[PDB]
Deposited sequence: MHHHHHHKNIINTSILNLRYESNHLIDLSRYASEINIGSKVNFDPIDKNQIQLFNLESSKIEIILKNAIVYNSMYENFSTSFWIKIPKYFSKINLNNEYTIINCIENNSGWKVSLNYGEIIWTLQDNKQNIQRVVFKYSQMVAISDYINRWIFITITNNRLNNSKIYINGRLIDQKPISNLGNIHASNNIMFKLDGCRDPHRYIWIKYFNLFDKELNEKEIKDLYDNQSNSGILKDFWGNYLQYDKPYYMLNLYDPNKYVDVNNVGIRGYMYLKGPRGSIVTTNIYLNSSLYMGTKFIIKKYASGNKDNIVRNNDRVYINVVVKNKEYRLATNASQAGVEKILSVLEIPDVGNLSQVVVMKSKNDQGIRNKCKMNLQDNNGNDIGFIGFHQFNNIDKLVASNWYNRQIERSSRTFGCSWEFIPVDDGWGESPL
């Protein structure tokens, strides 16, 4: 789907996401490419006309020293040494402009791999790049302005007729990217236009996992509580006599001079089960939550007749749930309901004798709280090994 091109050439080694066919995976392989041939009107050739581009990208973590000092192109629109391109490097997204007089200007976005929880590593991020031929070129990340450089000294920019989506110059043989929702604009977008594009293309009716992919059923997720991200979920004991609690701190995954992050595959995984025709978790879906303890699934539930508004959650055997409250209404996070269809509360945590146990409390519904979760599945772009 491209309203900019008359011909779309797809190499034999382009992979498409089966759950979300909008997502395109381009490998560091020579047939892993998509060339689009712009319509004659969309082709850029001017000294004064402003233009802007936007796209979503998910960049896997850089794992080794073979990734340092290796700027490689991913989106190429340069012909006869003139035009624009998007390139990548170790912890960098790079925008480059070239005129017909060997003038070059680069605008760069930088993110670190030496952070506990990154917002960019192996996660979908919205990139917007805007260009005002009378002053500056700007790069936005998730709608926030990051950096800007002057381009007014650049003469005529005759871009290419084609746009080549392909990893070019990359020395990492395992390297790939995910890309979707490429767009071109014949104006300099302002912050509000970028803000609206970011929200419009977010698919707010579908829940997303930690990496930005669609939330799915029968997919094991490691849980992260956004109020205190240094904790992970554990199960004291299975049965109505045990509870779920948040214990910390998280571990570390390290590779010297490359990355130092918190480990994400920690704690008892959650598995979302269907209750009330695909494997996509949408807003207001009523689902079941299964929790694995020692490689065995059990049903998350509680006894809402317990004292206090904070209803401590237990992990019971599925055949032995009885009439205990278990239905969860997913929301884009988890609103546990009783069998009467009434809210018991958003799933969060509450301190009980120095133990931050997971509770379902309507105090959240009344009122970032302890009910803010992220679902972290195993992903090749992260690289960690599940313990």
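In this entry, the deposited residues absent from the coordinate set span 1 to 27, 304 to 306, 363 to 372, 408 to 413.
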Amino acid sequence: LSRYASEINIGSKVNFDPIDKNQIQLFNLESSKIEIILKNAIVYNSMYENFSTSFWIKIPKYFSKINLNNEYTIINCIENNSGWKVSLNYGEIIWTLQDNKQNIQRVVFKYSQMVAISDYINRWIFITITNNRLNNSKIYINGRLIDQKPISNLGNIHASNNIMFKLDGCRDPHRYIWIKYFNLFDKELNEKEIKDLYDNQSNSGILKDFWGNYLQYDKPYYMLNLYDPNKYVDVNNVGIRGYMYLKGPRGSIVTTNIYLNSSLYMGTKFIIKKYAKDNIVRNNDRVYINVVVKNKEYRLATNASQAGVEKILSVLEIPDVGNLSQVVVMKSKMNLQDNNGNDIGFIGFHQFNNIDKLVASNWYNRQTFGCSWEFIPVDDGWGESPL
From here on, numbers count along this sequence of modelled residues.
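Mean CA B-factor, 357 to 365 versus 37 to 45: the higher value falls on 357 to 365. For the pair 285 to 293 and 259 to 267, the mean Cα B-factor is higher in 285 to 293. Sorting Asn70, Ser31, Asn335, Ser64 by the CA temperature factor given in the entry leaves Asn335 at the top. Annotation for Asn213, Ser314, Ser152, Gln98: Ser314 ranks highest, by Cα B-factor.
Among the modelled residues of the chain, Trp84 sits in the lowest third by CA temperature factor in this PDB entry. In this PDB entry, the Cα temperature factor of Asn183 sits in the bottom third of its chain's modelled residues, the lowest group. Ranked within its chain, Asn190 lands in the middle third, by CA B factor from the PDB record.
Among all modelled residues in its chain, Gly381 ranks in the lowest third by Cα B-factor.
Sorting the modelled residues of the chain by their CA temperature factor places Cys170 in the lowest third.
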